[PDB]
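Right, one structure below, let's go through it.
Methodologically, a virtual Cβ is constructed for each residue, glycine included, from the backbone with ideal geometry; neighbour enumeration extends over all protein chains shown. Coordinate-derived values only; no laboratory data.
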Amino acid sequence: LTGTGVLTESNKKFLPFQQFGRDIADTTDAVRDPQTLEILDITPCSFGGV
Amino acid sequence: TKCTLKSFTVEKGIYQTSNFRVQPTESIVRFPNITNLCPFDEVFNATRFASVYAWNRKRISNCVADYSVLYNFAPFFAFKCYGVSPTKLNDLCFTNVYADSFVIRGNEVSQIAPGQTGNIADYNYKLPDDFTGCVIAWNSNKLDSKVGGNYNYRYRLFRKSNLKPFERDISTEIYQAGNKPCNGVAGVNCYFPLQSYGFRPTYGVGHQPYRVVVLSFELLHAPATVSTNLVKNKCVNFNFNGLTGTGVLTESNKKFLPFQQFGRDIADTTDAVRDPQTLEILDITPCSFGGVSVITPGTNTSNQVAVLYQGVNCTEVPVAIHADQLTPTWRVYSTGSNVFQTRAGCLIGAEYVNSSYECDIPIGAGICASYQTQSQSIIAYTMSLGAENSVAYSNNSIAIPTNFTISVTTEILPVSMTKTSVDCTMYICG
Amino acid sequence: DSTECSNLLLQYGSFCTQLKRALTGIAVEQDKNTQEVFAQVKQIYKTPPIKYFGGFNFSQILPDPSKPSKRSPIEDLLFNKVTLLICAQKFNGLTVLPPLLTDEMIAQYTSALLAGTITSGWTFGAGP
Amino acid sequence: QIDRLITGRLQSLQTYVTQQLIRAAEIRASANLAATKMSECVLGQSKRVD
Amino acid sequence: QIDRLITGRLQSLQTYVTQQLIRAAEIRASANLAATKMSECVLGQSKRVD
Amino acid sequence: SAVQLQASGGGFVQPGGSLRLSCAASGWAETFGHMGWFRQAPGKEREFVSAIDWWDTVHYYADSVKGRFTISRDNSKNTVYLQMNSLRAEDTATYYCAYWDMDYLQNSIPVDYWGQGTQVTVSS
Amino acid sequence: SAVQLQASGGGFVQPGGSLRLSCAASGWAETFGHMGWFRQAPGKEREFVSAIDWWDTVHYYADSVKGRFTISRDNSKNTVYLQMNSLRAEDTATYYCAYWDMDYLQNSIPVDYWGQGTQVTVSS
Amino acid sequence: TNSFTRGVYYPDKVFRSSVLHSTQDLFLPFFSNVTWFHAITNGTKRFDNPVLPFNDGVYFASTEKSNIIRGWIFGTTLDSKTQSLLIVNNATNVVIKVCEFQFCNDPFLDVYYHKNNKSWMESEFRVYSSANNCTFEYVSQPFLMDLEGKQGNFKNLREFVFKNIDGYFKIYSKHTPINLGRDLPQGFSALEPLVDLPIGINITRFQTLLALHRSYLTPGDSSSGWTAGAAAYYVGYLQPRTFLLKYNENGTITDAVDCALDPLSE
Ligand SMILES: *[C@@H]1O[C@H](CO)[C@@H](O[C@@H]2O[C@H](CO)[C@@H](O)[C@H](O)[C@H]2NC(C)=O)[C@H](O)[C@H]1NC(C)=O
Ligand SMILES: *[C@@H]1O[C@H](CO)[C@@H](O[C@@H]2O[C@H](CO)[C@@H](O)[C@H](O)[C@H]2NC(C)=O)[C@H](O)[C@H]1NC(C)=O
Ligand SMILES: *[C@@H]1O[C@H](CO)[C@@H](O)[C@H](O)[C@H]1NC(C)=O
Ligand SMILES: *[C@@H]1O[C@H](CO)[C@@H](O)[C@H](O)[C@H]1NC(C)=O
Ligand SMILES: *[C@@H]1O[C@H](CO)[C@@H](O)[C@H](O)[C@H]1NC(C)=O
Ligand SMILES: *[C@@H]1O[C@H](CO)[C@@H](O)[C@H](O)[C@H]1NC(C)=O
């Protein structure tokens, strides 16, 4: 699962099976360590027009 | 509606969900224009057949050589077609089929083939190595053989060179195989090419006559010289003279012209088409499809709903919706509670009422629906503009208020919408 | 109506639910446009049986029951002077939705405004 | 080949809708003007010149 | 493949901006009406019927 | 090649008896192929018995039928015959009319048509 | 591209015989495509026979030609041969030395360039 | 030289009711110059109907009485090495013999005396020098409607448009019984198709066939140009010109307007 973002902690509850978190969008808001079973919350870079 | 609305609870109001498209029932392959021709009897049923040394070349054209007629022509024959199976050749129509016909022997059957050699292969008729067409080889013992001894029929025994592809030669010069010239008199080094066929009733099967007909087509810029049904008002897939498409072949009333076949309209669609076999004009209308919308009085109030197939004269194809004909399923409403033909399609699941009320769920053409109990159910009243009132106008009557009412009404107006700004390179490219 | 074609169209996502939704808003708005212009009167006022308004002849604009349709001679002139194929659009998904308010209902709304103006002045537009 | 034909067909549809939207807005401006005229000229008397 | 994807992606962005342009034109027409209503109904008394 | 094959004959014979069978072609043919005979004994394979060219010039006789069986063709009724003589105990076999759709008897296997069963028994 | 082909050879082969053909190449081409033969069986459609890679890294064979066909390019005069072992009696065709002007043959149907037909009968 | 409006023909066998259709086929342009090509048995020399180039079809219109104009010959070089198209019309036959006749002859006058009592079909033009590739024919009812012109007020303007599309050769005939003023009146008559005919060969060169024998009422001329004199045959030419053909309810072309003749027409 390729992408970029701020891999902060996740306060959600990935039911066992679930591995890709996702909001109501194509964005994968959450994700789960495939080697620590930790859920991390993914937020995009703090970009913005100047 | 829940899927289209993408919500678990839908509110009161008519919702457009999907499209009702009536599927065609049958397929009509009517391209016959009656029309039939080409005899085959001239090249097959002729009592007298030309010899191998005088083989005929009769190209059949401007008519159809229906192969089913000739598929069963005699007890047994070799339908040794080349390049295509005879059955698949049936509908395989060909530009200029050069139908050639002649007669051979029994033991010479192996000698009658493309590239063959001998006194009758190299020396009577040569087929190209790239020969395209068919060879029809049957026996004619009762016709081309005489019980008294058929020397009247001849097979050439000598000739100089092989024929060109499809070429003919009937040279009967007294051939010289040595140095002494013929000088116009048969004798030493003087041989007639035509040897009389040995055709006796007691002769063997190897010496028995066998006719050979070579029908051969050249795929050129010519019409393929070498299949129908019927229909009614039901919607089908028309194929009128190779006019692909599906529609309702209703009876027409326009007057065509002795040469016009494919009627049309302003649009590219073929509005009409003259029926080939009956020389009558048939009117083509598109299959009666249309969008389907659902009248619902709001999940909360009730789950009862009624549907409306927009733009269909349903008093036909959606009222005669057979087993699972209506797109939204639940064929239990094939007749339904009540079907009410409307100028805007027709309502299934709503019962018309004479009483007119204020419009609640607009439908169209002055018809509205509401979930009003009569016992809550969906009704389909005609929209009422308002309570009819008459003012007592008179030449000297004036109405003057004695009181008043300070009525305060609210008006809501949007002013600004949400401000946005995008960025292609961030948006378009990750 | 080709399934192999149809499957490729699904690959474009909601690029066509927008058209169905956007074109629905146009159709709904047109119904609101007619209602906003004409449904400005709560009740339906009727012209008295007599039609002598102090010498002012109104038979031209006042609806005429003689015609099968309840339209005035002026409205009937306008309808005949405006000439409104359609089924070809109904051949390739271009269905035309009929208006919510029929031509008769609108002509009935106009007669209410016409009767209201004549027999009640401008008072009926601001109360009883 | 279908994708070229679909995009060409889809583009014509989008042009029509976007042409109808601006066309519908022009009608709504006319309808709003007519609705105003009915409220002022018919239901009452207008002091606005012309 | 990238260009095929950019054409659709750019076209989707173009449609949204065009749709926003039409939508905002409607709002400005509504905003102008509110501005007219504020100047006439609030800042003064309107003789315009209804 | 709609080669209609008609089968006829059969019965019970004695050791050293005789028989005559008829098979023919009709309808229409892909080409003049080879007319031959086969025996497919119950549980056994179709075995090459005798092949004959259509014009009664190239004849074939198997080793087991050399000097015992015979094949001939009629010249006026489009029928081809078969004879059988000097049968032993293991010659009880089922016979199907055979047909080779090829110009040369390359092998005993290449065929395109077959017949129907026929039980042959040897008894006095 | 504009490629001229120089095919020669043939003769009168026999049942079980063999051929040793040649096909020289000359002319500028868009790419270094594969030489070979598209033989149509007499009266049939043009059929791939056996293709060699221009770098002599890929060899091709077909069931109708397996065990009795092989293609090889001359390293000296650049004339690709068609040398076989025990060609059968049915190959009485005209052999075109076709030219796929592509480095790899995904499908053999699109044959950019072609050759001359080699007519060899097979009989003693 | 003034095909004011003639030369329009039904471009296809398609019915259309009260519509305005625009086509792009080969048409004779409006107000074009039809060659007078008039023609004059007094000998075999002094040819009277010279050959013409068949470029993208021609518009043929004649006013012979009953037998002065009989048929046409087509092809490329009218010789042995080329296909020759015989579209002769008999008394009741229009056999389309496309045999590559080794040469196109001329009407072999039996004697100088021509048409006293001979009506039989014998010793005729014989331009079909017997040859080999005598291919298919469309011998049928005479498409050249040799109508019994009568009652005056007539000249059978049998306007034929001969065009060859994809090899297929089409004849668009419409015999005119109605009176014409001088030679071609200002009217409209679309040419209904008569024969759909495959004959897939080059038709580069065309000439009429004055199969006449009869020295029968033919005026003299000696020049080549473009004018509307009384013609043995007028020869227009078809160009890729866009027309706006109007169709009446009954699918008859009532009128049409060229789309390049005039700015108003455009
Ligand atoms: C005008 O109407 C108002 C109410 O709309 C009347 O005031 C009411 O008078 C009754 C007595 O008959 C009281 O019971 C109500 O409480 C009053 N309501 C209010 C809001 O004050 C008023 O009487 C009417 N004017 C006349 C002249 O009758
Ligand atoms: C109101 O005007 C209409 C015409 O606009 C009058 O109707 C006409 O009356 C005359 C009689 O003077 C007839 O000759 C016409 O045939 C009528 N025309 C129509 C269309 O009806 C009507 O009489 C007028 N009413 C009053 C009260 O003056
Ligand atoms: C929703 O339904 C409830 C009853 O369940 C009813 O009280 C309410 O008015 C409804 N609201 C609307 C208008 O849908
Ligand atoms: C619809 O059904 C058939 C159409 O075939 C027709 O008889 C009927 O009158 C139609 N109904 C209406 C009201 O249009
Ligand atoms: C062609 O044009 C005019 C108009 O029809 C015609 O009268 C005249 O003879 C011709 N002139 C030429 C040859 O330019
Ligand atoms: C056209 O059609 C009408 C109706 O059939 C008919 O009365 C009229 O004579 C026709 N006119 C022509 C032939 O153009």
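What the table shows:
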read-out	value
Kirkwood-based shape ratio for segment G:26-124, expressed as Rg/Rh from alpha carbons	0.95
Reachable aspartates and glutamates, given that their alpha-carbon falls under 16 Å from the alpha-carbon of F:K66 and they are not under 8 places away in the same chain	F:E47, F:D91
C-alpha center-to-center spacing [segment F:44-96, segment G:26-72] in angstrom	46
Span from the segment H:60-125 Cα centroid across to the segment B:325-367 one, whole angstrom	75
Magnitude of the charge dipole, segment B:336-430, Cβ model with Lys/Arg +1 and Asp/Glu -1, debye to 20	100
Positive-end residue, segment C:1-101 charge dipole about Cα centroid, Cβ charges, pick of C:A88, C:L19, C:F38	C:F38
Whole-Hz ³J(HN,Hα) from phi, Karplus 6.51 cos²θ - 1.76 cosθ + 1.60, for segment H:221-238, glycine and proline x	7, 9, 10, 10, x, 5, 7, 9, x, 4, 9, 5, 6, 8, 10, x, 8, 9
Two-site label geometry, A:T28 and B:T420: point separation in nm, points 7 Å out along Cα→Cβ	2.6
For E:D50, inter-copy label distances in nm, listed shortest first [label point 7 Å out on the Cα-Cβ vector]	2.6
C-alpha center-to-center spacing [segment B:7-55, segment B:177-218] in angstrom	50
Mean ellipticity per residue at 222 nm, deg cm²/dmol - from DSSP H runs of n ≥ 4 across the protein assembly as shown, formula -39500 (n - 2.57)	-4000 deg cm²/dmol
Total charge dipole magnitude, segment B:216-304, about the Cα centre, Cβ charges on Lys, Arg, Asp, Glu only, Debye to nearest 20	200
Shielding by other protein chains, B:279-289, mean Cβ within 10 Å	2
Disulfide-incompatible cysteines by the Cβ rule (no partner under 4.7 Å) in chain H	H:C104, H:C259
Hydrodynamic radius (Kirkwood) for chain H, which is based on Cα pairs only, to one decimal in Å	19.3
Shielding by other protein chains, G:90-100, mean Cβ within 10 Å	1
Neighbourhood charge, 14 Å Cβ-Cβ cut-off, centred on H:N179 and excluding it, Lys, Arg +1 and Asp, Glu -1	+2
Residues whose placed amide H lies under 5 Å from that of H:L85, excluding near-sequence neighbours	H:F74, H:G75
Separation in nanometres of the label points that stand 7 Å from Cα toward Cβ, at C:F53 and C:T17	5.4
Separation of the B:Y352 and H:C259 label points, Cα + 7 Å toward Cβ, nm	4.9
Shielding score for B:390-398, defined as the mean number of other chain Cβ atoms within 10 Å	5
Calculated over segment F:73-124: convex hull of Cα atoms, volume per residue (Å³)	144
For D:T15, inter-copy label distances in nm, listed shortest first [label point 7 Å out on the Cα-Cβ vector]	1.6
From phi via Karplus (6.51, -1.76, 1.60), per-residue ³J(HN,Hα) for segment H:44-56 in Hz, x at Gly/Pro	10, 5, 6, 4, 10, 10, x, 5, 9, x, 8, 9, 6
Cleavage-rule hits (chymotrypsin sites (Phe, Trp or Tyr not before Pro)) in segment B:275-374: DSSP loop, at most 13 neighbouring Cβ within 10 angstrom	B:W330
For peptides G:14-22, H:258-266, H:177-185, F:25-33, sequence by mean Cβ density within 10 Å, most packed first	F:25-33, G:14-22, H:177-185, H:258-266
Share of Cα-Cα pairs in segment H:88-228 lying beyond 19 Å, as whole percent	64
Long pairs among C:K42/C:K81; B:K80/G:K44; C:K42/C:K67, criterion Cα-Cα beyond 24 Å	C:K42/C:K81; C:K42/C:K67
Pairs of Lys in chain H closer than 13 Å at Cα, counting only those 8 or more apart or on different chains	4
Computed over chain E, Kirkwood Rh from alpha-carbon pairs, angstrom	13.9
Cα-centre dipole for segment C:5-128 with unit charges at Cβ (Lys and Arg positive, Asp and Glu negative), debye to 20	100
Derived scalar couplings ³J(HN,Hα) [segment F:9-16; Karplus, 6.51 cos²θ - 1.76 cosθ + 1.60; whole Hz; x for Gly, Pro]	x, x, x, 10, 10, 9, x, x
Under 5 Å, built H, 5+ apart or other chain: amide partners of B:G291	B:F20, B:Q310
For B:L282, residues with placed amide H under 5 Å, excluding near neighbours	B:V273, B:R274, B:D275
Cα shape, segment B:56-163, gyration tensor, a/c 1.5 rule	oblate
